[PDB]
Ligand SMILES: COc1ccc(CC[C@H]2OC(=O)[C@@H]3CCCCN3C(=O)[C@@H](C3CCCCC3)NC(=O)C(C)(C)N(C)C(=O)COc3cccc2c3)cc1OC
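Here's a solo chain for you in structure tokens, the form deposited without the ligand.
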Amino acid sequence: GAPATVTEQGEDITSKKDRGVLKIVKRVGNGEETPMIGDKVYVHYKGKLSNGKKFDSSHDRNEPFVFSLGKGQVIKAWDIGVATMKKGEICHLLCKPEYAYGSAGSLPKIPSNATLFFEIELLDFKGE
């Protein structure tokens, strides 16, 4: 399925080239521009654990998730991955725990040492 495919066929987008964040572009976005550090980014996403369980979805809340890019307001894999996206792009990210929640995990649903799969849509980005 999609998590296996990004694991085996994804692109390493880390600057360390340690395979910690792998990406596949699923829907090509608009133009060439990617968001800049500090931009307000608006995303829709779904996240799955490596046991197949959905742990989160913004679609199910009928509102996007909004954060300031590159500020550590989200897991490292998202700061790195969203920074590569064009407006309107949909991608898959496969995130090793060192770029996610590490040994701590995140209650209620994310265990220790968890590799995470996300589908992410970059809806918009805006500077301030």
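The first residue of the sequence shown is number 1, and the count goes up from there. If you superpose the two forms and keep the largest set of C-alpha atoms that fall within 1.5 Å, you have the rigid core.
Here 7-15 and 102-110 are scored by the root mean square distance of their C-alpha atoms in 4 other deposited structures of this protein, with each structure fitted by the rigid core; the higher score goes to 102-110.
Once the structures in 4 other deposited structures of this protein are superposed via the core, the pair 71-79 and 45-53 is resolved in favour of 45-53 as the more displaced stretch (C-alpha RMS). Legend: mean Cα B-factor per stretch from the PDB entry, 31-39 versus 95-103; the higher mean is in 31-39. Higher mean CA temperature factor between 45-53 and 80-88: 45-53, per the PDB entry. Among the modelled residues of the chain, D18 sits in the highest third by CA temperature factor in this PDB entry. Among the modelled residues of its chain, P108 has a C-alpha B-factor that falls in the highest third according to the deposited record.
Among the modelled residues of its chain, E121 has a C-alpha B-factor that falls in the lowest third according to the deposited record.
Below, we turn to the form solved in complex with the ligand, even though it does not appear here.
Placed here by superposing the C-alphas around the site, the ligand (as posed in the entry with it bound) has at least 3 atoms within 2.4 Å of backbone or C-beta atoms: blocked pocket. A residue is said to contact a partner when one of its heavy atoms sits within 4.5 Å of a partner heavy atom; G88 fails this definition for the ligand in the entry with it bound, lying far away.
Using a 4.5 angstroms limit between non-hydrogen atoms, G29 is distant from the ligand in the entry with it bound.
Contact check for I110: a heavy atom falls within 4.5 Å of the ligand in the entry with it bound.
Contact annotation for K48: at least one heavy atom lies within 4.5 Å of the ligand in the entry with it bound. Residues of 64-79 placing a heavy atom within 4.5 Å of the ligand in the entry with it bound, in sequence order: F65, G72, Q73, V74, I75, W78.
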